[PDB]
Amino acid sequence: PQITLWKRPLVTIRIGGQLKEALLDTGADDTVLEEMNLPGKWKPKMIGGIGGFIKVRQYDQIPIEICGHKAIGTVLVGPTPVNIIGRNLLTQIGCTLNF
């Protein structure tokens, strides 16, 4: 698809068999989802943005289907204000900015 930006670029994702809404975020290095259960071992990590740093759980090699496009990559889980799809997965789905 081509997505304009008059509204937040929210899309439906499927992860660990569950549907969620997530923001396509070119300003995010990493993909960060709200607290949830994922299978496998996680590593404690910290990430930062505006407002400072939070503690997250890093899950590696996690399949996510984003708007019908498959990705398998690193997914951080923690107290993010919104589900964020970052550049690590946006590149996997062939997403670019155009103007």
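Throughout, we count residues from 1 along the sequence that is shown.
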query	finding
Between the two ranges 60 to 68 and 22 to 30, the one averaging a larger CA B factor in the entry	60 to 68
Between 35 to 43 and 50 to 58 (mean CA B-factor, as deposited), the higher	35 to 43
From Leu90, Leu76, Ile13, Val82, residue of greatest CA B-factor	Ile13
B-factor third for the C-alpha atom of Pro9 within its chain	middle
